[PDB]
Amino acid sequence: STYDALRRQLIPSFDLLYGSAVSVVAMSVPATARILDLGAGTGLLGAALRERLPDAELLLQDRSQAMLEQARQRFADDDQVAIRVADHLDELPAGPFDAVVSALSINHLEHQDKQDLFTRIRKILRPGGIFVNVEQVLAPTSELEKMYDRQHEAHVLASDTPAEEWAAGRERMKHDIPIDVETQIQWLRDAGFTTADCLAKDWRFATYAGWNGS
């Protein structure tokens, strides 16, 4: 409620970017899809997926028990949601999966571990399966990165975000290892995804996807 409201204040085009992730999954997988949610946190993208796909099986995983406890509370009464404590770097669940989704999590990995993860994700996707990332992305240059930062700050100020939460936000972003969206899209092609695309973008934040065969 307050947490979800705060995420909208901190994330430019939250509805467009998380909404695009939901819409592209809904147009790519069945009603009864098996979906892996990597770095699920409180399960915010999971909640948006459940609203669109009431019959989908969600497996939420994260390295943080504390974050997954928030996801457990959110989905307390949902018998089609499982929770697994697992780092991105730990062995993935067997599969197959119709979709693997992630929001604002994969940027925390070293670049080589991102490329390895994309390869490992495709292995657990059925043919026609989709990988979707709602991601913090780096500008191609230092000058454009400053412009990305100004536009992010403009949203946070316009959204009337508490100064203490924005302060906390900037501190958490120090541990992020973002790269530009086109590099990551090319990495999906390198990983053997036949199609990769940026569906939606608001400067620093982008929704991109890869398809396993289609």
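Note that residue numbering begins at 1 and tracks the sequence as displayed.
The mean Cα B-factor in the deposited entry runs higher for 171 to 179 than for the other of 184 to 192 and 171 to 179. Between the stretches 87 to 95 and 100 to 108, it is 87 to 95 that shows the larger average CA temperature factor.
Across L157, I35, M147, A31, the entry's maximum B-factor at the CA atom is seen for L157. If you compare the C-alpha temperature factors of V134, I130, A139, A76 in the entry, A76 comes out highest.
Split the chain's modelled residues into thirds by C-alpha temperature factor. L49 is in the lowest one. Per the deposited record, the Cα B-factor of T207 falls in the lowest third when ranked against the other modelled residues of its chain.
Remark: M27 belongs to the lowest third of its chain, ranked by C-alpha B-factor as recorded. For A40, the recorded CA B-factor ranks within the lowest third of the chain. Only modelled residues enter the ranking.
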